[PDB]
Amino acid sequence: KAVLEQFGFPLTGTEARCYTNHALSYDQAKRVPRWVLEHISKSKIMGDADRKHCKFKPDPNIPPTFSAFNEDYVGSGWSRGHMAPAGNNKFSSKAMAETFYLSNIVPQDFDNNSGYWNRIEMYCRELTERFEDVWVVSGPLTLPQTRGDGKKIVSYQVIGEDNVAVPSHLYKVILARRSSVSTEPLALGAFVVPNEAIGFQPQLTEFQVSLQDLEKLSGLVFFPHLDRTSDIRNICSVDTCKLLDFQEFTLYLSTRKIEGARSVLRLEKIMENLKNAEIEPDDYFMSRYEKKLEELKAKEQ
């Protein structure tokens, strides 16, 4: 070993990199994370940290030769997709900014990012209403497809001068613990979704896979301290694995759009678009709507 290592073994750069509220292993060849691990709780997802103040930027800890840059993504047809979501870090301005490091980012389909993936991220946050602690590992995948001649081929686009790899699929592993003292078994689920528009028809369980199958596909071992001989329950059996439906998701989106409205007229389409959508505003929407209406006419026009 000493003779082979005289000038050092090659470096792969896969060591875990830790930030305020997430950790990741970086793939220097693909310019994307291999896995991103985070812990979620009800306290962390509340706060005044606001994402419109954040900027995507290269991770300052990654050698520039292996880093992605904004020029790789902009105009590529692919969005900068958070693995550790910025929305999980309302409690800390620093933590949310670090999720905008490109070490946490993969090329993600625009509709997937703002749609099905967003709704999965929302479910993970929803779990904190029922579990005191939730752990999530998210990351990209590049899976094979069978060609016309029967051969299996892995094919993916690389974008920008730096050849950032666009994944065919995205995965999440969710581990939930009811409380730090409870004797209730842990709950776990693994999910793989295509990096494309999905819509509202398929239920989340349709994308569920066994942890062992995901580990074989990804070449990773998740949560290695979990005693797999112990009693560990399927999260979609102990919980709902139910994403927001179209009506719920649209009301949620329309409610958030209120806070960004800068004209009484803009504020009026939101309710108009909503109501014609056969979706009645709930009490929270109307509370935020009237508050914003009063604010807008108290500001310069």
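Don't overthink the numbering: it's just position in the shown sequence, from 1.
Undergrad: Quick one: higher average CA temperature factor, 223-231 or 194-202?
TA: Comparing averages over the C-alpha atoms only gives 223-231.
Undergrad: Mind pulling up the entry and telling me whether 280-288 or 11-19 has the higher mean Cα temperature factor?
TA: Looking at the recorded C-alpha B-factors, 280-288 comes out higher on average.
Undergrad: Pick out which of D239, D245, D27, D48 has the highest C-alpha B-factor in the PDB entry.
TA: Checking the PDB record, the top C-alpha B-factor among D239, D245, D27, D48 is at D48.
Undergrad: By the record's CA B-factor, is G260 among the lowest, middle or highest third of residues in the chain?
TA: Tercile = highest for this residue's CA B-factor.
Undergrad: Going by what the PDB entry lists, where does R147 fall on CA B-factor within its chain: lowest, middle or highest third?
TA: Ranked within chain, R147 CA B lands in the middle tercile.
Undergrad: For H53, return the chain-relative third of its C-alpha B-factor as stated in the PDB record: lowest, middle or highest.
TA: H53: CA B-factor falls in the highest third of its chain.
Undergrad: Report the third (lowest, middle or highest) to which the CA temperature factor of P85 belongs, ranking only the modelled residues of the same chain.
TA: Ranked within chain, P85 CA B lands in the lowest tercile.
Undergrad: Would you check the entry's CA temperature factor for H39 and let me know if it's in the chain's lowest, middle or highest third?
TA: Middle third - that is where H39 ends up once the chain's C-alpha B-factors are sorted.
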